[PDB]
Each structure stands twice: as structure tokens, then as C-alpha cells.
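For reference, the structure discussed in these notes is given below.
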Amino acid sequence: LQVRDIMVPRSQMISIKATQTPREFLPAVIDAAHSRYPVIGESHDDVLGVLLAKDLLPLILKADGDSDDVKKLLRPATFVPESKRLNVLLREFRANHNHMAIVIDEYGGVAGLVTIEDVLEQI
Amino acid sequence: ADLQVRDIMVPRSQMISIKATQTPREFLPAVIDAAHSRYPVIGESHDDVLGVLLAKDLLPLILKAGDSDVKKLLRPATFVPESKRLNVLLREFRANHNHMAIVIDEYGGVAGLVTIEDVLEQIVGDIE
Ligand SMILES: Nc1ncnc2c1ncn2[C@@H]1O[C@H](COP(=O)(O)O)[C@@H](O)[C@H]1O
Ligand SMILES: Nc1ncnc2c1ncn2[C@@H]1O[C@H](COP(=O)(O)O)[C@@H](O)[C@H]1O
């Protein structure tokens with residue numbers, strides 16, 4: 001199997017727009033209750049990095065944390081091609097201690113996202 | 001290799017936990033530093049696990065007035081014995097979609113904690 005077969009497709013990704021402050025994005029984030037979210041720029045094809053929910057914790061004890069710039073909290077996205085084999089990806093997740101990869105198509109567009117939990121249900 | 005939970009667990013003395021009497025103002029510094037997704041919450045001692053706190057459940061405090069009692073956020077813990085085999089543990093993580101279990105010794109005390117990531121660390125191959 002390949003990543004493209006088991007990915008969360010681009011339309012179904014819950015993403016955070018990089019222009020939004022926590023005041024604006026947190027309601028949808030809290031509703032979705034995911035651990036990690038792609039952060040986008042101009043479009044769903046413009047993935048800037050990934051936001052970990054737990055990385056928002058420092059904002060609780062700030063004066064004005066609800067107005068912070070999310071770009072500063074970003075981790076780089078791990079990118080994989082659509083054709084990446086699942087057995088290879090699983091070994092990569094172990095080596096790099098990550099949970100999420102952003103899937104890019106043959107044109108560099110964003111196909112979707114894929115997680116370690118999803119890989120385990122398929123191989 | 002008949003691998004068991006005790007072979008891969010984070011032992012009790014190395015667990016980062018939160019005391020159920022602590023406010024977020026009190027526990028957040030330790031929680032932020034440790035940077036885990038999930039924390040056992042303890043009552044009277046490290047053996048008295050009340051449940052688990054998910055870091056992501058603290059997000060509403062960014063917007064709310066609150067940082068001065070954790071118990072309302074508590075999720076039930078999943079408990080497993082030290083002797084459970086890893087193949088069985090993996091099936092349970094997959095069946096219940098949980099990531100963490102609290103490991104219990106033969107006396108009912110807390111031996112440590114164990115995660116799905118710890119299982120995969122043990123069983124998945126190196127990059128070839
Ligand atoms: N940001 C996201 N958008 C859409 N689906 C996601 C996202 N993060 C995780 N998932 C899916 O939800 C599952 C559980 O992840 P989580 O909710 O973070 O525990 C994953 O295995 C993916 O299928
Ligand atoms: N509360 C905790 N205390 C100590 N170690 C932990 C805790 N949570 C997770 N771990 C360990 O850290 C690894 C990564 O989990 P996390 O930091 O939550 O992404 C796990 O696989 C465990 O080895």
C-alpha cells in the first residue's frame with residue numbers, strides 16, 4: 001500500500017490559517033480535538049508547518065496569549081510523496097518520533113495528511 | 001521474544017505526573033517543560049492514580065478567565081499489568097484507540113506507564 005491509499009484527503013484536513021490568532025482559531029481547534037494541525041498560508045496547498053496542541057500551553061500564563069502569532073509556534077511539517085510505501089513510512093515515523101506527515105502530489109501540491117495511527121490500521 | 005510491558009515501560013520514578021490538588025498555575029511549568037501529551041494525575045501518592053490529563057484539554061484556559069482544580073478535566077486511565085505481553089497490549093491500543101496505559105504491579109501499586117509509541121519503538125524495524 002501507498003500513503004495516497006490511506007491518507008486523510010486534503011478537503012478533510014482540519015487546518016489552522018497562519019493569519020489567525022488563538023482567539024480566532026481556538027474554538028475550531030478545541031472542537032476538533034486533534035493533537036496536531038497543519039498550518040496553512042494562502043491555501044490548503046500552502047502548508048507552512050504543523051501546530052501541536054500542547055505547544056499552545058505557554059499561552060495560558062501570558063498576558064495577551066490570545067493574540068499571539070501562530071507562525072512562531074510552528075514545527076516543520078514532515079513531507080512525504082503520495083507514492084511512499086507504508087512499511088517505509090512506519091519505519092520513518094519510528095526513527096523520527098513523529099506522528100503526522102503531509103502528503104504532497106507529483107506537482108508539489110498537498111494531497112492530504114497521514115498519521116502513524118492510520119498506518120497501523122492498514123499494515 | 002515474549003516481550004512484556006515491564007520491558008518497555010517508563011518506570012514510576014520517571015513518570016511526570018500532576019497532583020490533583022494543584023492548580024494549572026501551579027502545575028503548568030512542569031507540564032510545559034516535560035512537553036508530553038498526557039499526564040497521570042495522582043491523589044495521595046504516586047500509587048493513587050485518579051485518571052489522566054490530556055494537555056490538549058487545557059486549551060480553553062487560553063481564552064477563559066481558571067488557572068487557579070484539575071479534576072473536571074480528568075479522563076479515566078487504562079490500567080495494564082507489568083506482565084502483559086506486548087502483542088496483546090498493541091491489540092488493546094488498537095481496539096480502544098488509546099495511547100497510554102498505567103502499569104500496575106502484582107500488589108496493585110503503580111509500576112510505571114507505557115505508550116503506543118514505546119511499543120512501536122520496540123517492534124518496528126530500523127530504516128533500511
Ligand atoms: N488535523 C487533522 N485533520 C484531520 N484529521 C486528523 C488531523 N489530525 C489527526 N487526524 C486524524 O484523526 C486521527 C486521530 O488523531 P488525533 O485526533 O490527533 O488523536 C488520526 O489518525 C487521523 O486520521
Ligand atoms: N507523563 C509522562 N511521563 C513520563 N514519560 C512520558 C509521559 N508521557 C509520555 N512519556 C514518554 O515520552 C514518549 C513520547 O510521548 P509524548 O511526549 O507524549 O509525545 C512516550 O512514548 C513515553 O516514552
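Residue numbers start from 1 in every chain, and the chains themselves are labelled A, B, ... in the order their sequence lines are given, proteins ahead of strands. All values below come from the heavy atoms of this structure, side chains included, with hydrogens, waters and symmetry mates left out.
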message = Between B:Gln22 (side chain only) and B:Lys19 (backbone N and O only), is there a donor and an acceptor less than 3.5 Å apart?
response = yes
Discussion item. Has B:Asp118 got a side-chain atom pairing as donor or acceptor with B:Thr115's backbone, closer than 3.5 angstrom?
Written reply: yes
For [X] against [Y], the heavy-atom pair lying closest together:
{"X": "A:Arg91", "Y": "B:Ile127", "result": "O-CG1, 3.9 Å"}
{"X": "B:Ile62", "Y": "A:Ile60", "result": "CG1-CG1, 3.6 Å"}
{"X": "A:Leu48", "Y": "A:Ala18", "result": "CD1-CB, 3.7 Å"}
{"X": "B:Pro24", "Y": "B:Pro29", "result": "O-CD, 4.4 Å"}
{"X": "B:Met9", "Y": "B:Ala111", "result": "CE-O, 3.7 Å"}

A:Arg23 bridged to A:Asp66 by N-O distance under 4.0 Å: no
Heavy-atom distance under 4.5 Å between the side chains of [X] and [Y], does that happen here?
{"X": "B:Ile8", "Y": "B:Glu121", "answer": "no"}
{"X": "B:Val31", "Y": "B:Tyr39", "answer": "yes"}
{"X": "A:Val110", "Y": "A:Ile40", "answer": "no"}
{"X": "B:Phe27", "Y": "B:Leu58", "answer": "yes"}
{"X": "B:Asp7", "Y": "B:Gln122", "answer": "no"}
{"X": "A:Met100", "Y": "A:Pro38", "answer": "yes"}
{"X": "B:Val49", "Y": "B:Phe79", "answer": "yes"}
{"X": "B:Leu120", "Y": "A:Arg94", "answer": "no"}

Separation of [Y] [atom2] from [X] [atom1] (nearest 0.5 Å):
{"X": "A:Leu51", "Y": "A:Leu74", "atom1": "CG", "atom2": "CG", "result": "6.5 Å"}
{"X": "A:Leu26", "Y": "B:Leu63", "atom1": "CG", "atom2": "CG", "result": "5.0 Å"}
{"X": "B:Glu92", "Y": "B:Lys84", "atom1": "CD", "atom2": "NZ", "result": "3.5 Å"}
{"X": "A:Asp45", "Y": "A:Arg10", "atom1": "CG", "atom2": "CZ", "result": "6.0 Å"}
{"X": "A:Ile14", "Y": "A:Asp31", "atom1": "CD1", "atom2": "CG", "result": "8.5 Å"}
{"X": "A:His99", "Y": "A:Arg36", "atom1": "NE2", "atom2": "CZ", "result": "4.5 Å"}

Evaluate side chain to side chain contact (heavy atoms under 4.5 Å, CB included) for A:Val3 paired with A:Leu89, printing each intermediate quantity in order.
CA-CA 8 Å; A:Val3 169; A:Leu89 181 60; 3.8 Å; yes
Practice prompt. Say whether B:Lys56 and A:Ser35, considering side chains only, have a donor N or O and an acceptor N or O under 3.5 Å apart.
Written response: yes
A:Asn87 and A:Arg85 side chains, donor-acceptor separation under 3.5 Å: yes
From the list B:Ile104, B:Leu113, B:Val103, side chain to side chain contact (heavy atoms under 4.5 Å, CB included) with B:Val80 holds only for B:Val103
Please tell me whether B:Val88 and B:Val119 are part of a single hydrophobic cluster in this structure, the criterion being side-chain heavy atoms less than 4.5 Å apart. no
